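# structure of the sequence below:
(one chain, ligands or ions: 1)
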Amino acid sequence: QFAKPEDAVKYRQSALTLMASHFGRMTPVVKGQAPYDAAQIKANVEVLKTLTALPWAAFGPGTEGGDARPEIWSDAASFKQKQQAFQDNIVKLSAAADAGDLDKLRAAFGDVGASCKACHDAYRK
Ligand code: HEC
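Residues are numbered from 1 along each chain as shown. Structure as follows:
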């Protein structure tokens, strides 16, 4: 859906920014510094889940640019695996949120976080 590569770069960076916000805003809850309201969390995780599926389609062929490493394109299969694992961890977070269990949530949150990091290590400049 993009006219120039720059437009895909801007879309994905935007999507990733939103994801960051929706994920990162739960840190105080998870650490116990903010109160835990199951419903609030469930709903935030629902938004997070939607957002988390969005960036990937904006790393299509010829969208080189931004802080994305070329390896994303040279090593597509490995990138895809990285994204799938990430999304899978997201499913897990969602399950924890739906169960309204802080322990499970904390654990799941950590797993999501390691997944973001694993990708960045390999594919973000
Ligand atoms: C690979 C499968 C990734 C996963 C999982 C996550 N991120 Fe990442 N992120 C990735 C790339 C290749 C890039 C660079 C994109 C570019 O074209 O510039 C990024 C970038 C970000 C950013 C920066 C956004 C901006 O303002 O430019 C943020 C804030 C970011 N990523 C955060 C983030 C978080 C919080 C994740 C887990 C919830 C996450 N990313 C997963 C690749 C991948």
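# specify the local secondary structure of the spatially closest residue to residue 82 that is not a sequence neighbour.
Of all residues beyond its chain neighbours, the one nearest residue 82 is residue 119 (4.6 Å), with distances taken as CB to CB, 6 or more residues apart in numbering. Every residue, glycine included, has its C-beta placed from N, CA and C. Look at residue 119: counting by DSSP: H, G, I helix; E, B strand; the rest coil, its state is helix.
# what's the neighbour count on residue 119?
For residue 119, the tally of surrounding residues (other CB atoms under 10 Å) stands at 17.
# you'd agree residue 15 is up against residue 55?
Yes. Using CB atoms under 8 Å, residue 15 is in contact with residue 55, at 4.3 Å.
# ok, now which ones touch the residue nearest to residue 82?
Residues counted as contacts of residue 119 (CB atoms under 8 Å, 6 or more residues apart in numbering) are 79, 82-83, 86.
# and which of these is nearest residue 50?
Top of the list for closeness to residue 50, among those and by CB to CB, is residue 86 at 14.2 Å.
# mind checking how far that closest one is from residue 58?
To residue 58, residue 86 is 15 Å away according to CB to CB, to the nearest Å.
# more neighbours: these two, which one.
Comparing residue 86 with residue 58 by neighbour count (other CB under 10 Å), the higher total belongs to residue 58, at 22 against 19.
# measure that one to residue 114 for me?
Using CB to CB, residue 58 is found at 23 Å from residue 114.
# same question, residue 120
For residue 120, the distance to residue 114 (CB to CB) stands at 11 Å.
# go on, residue 64?
Going from residue 64 to residue 114 by CB to CB gives 27 Å.
# would you quantify the distance from the spatially most central residue of the chain to residue 6?
Centroid-nearest residue in the chain, with CA atoms, centre = their mean: residue 52, separated by 4.7 Å. Spatial separation of residue 52 from residue 6 under the definition CB to CB is 23 Å.
# right, and residue 65 touches residue 10 too?
No. Under the criterion of CB under 8 Å, residue 65 lies out of contact with residue 10, with a separation of 9.4 Å.
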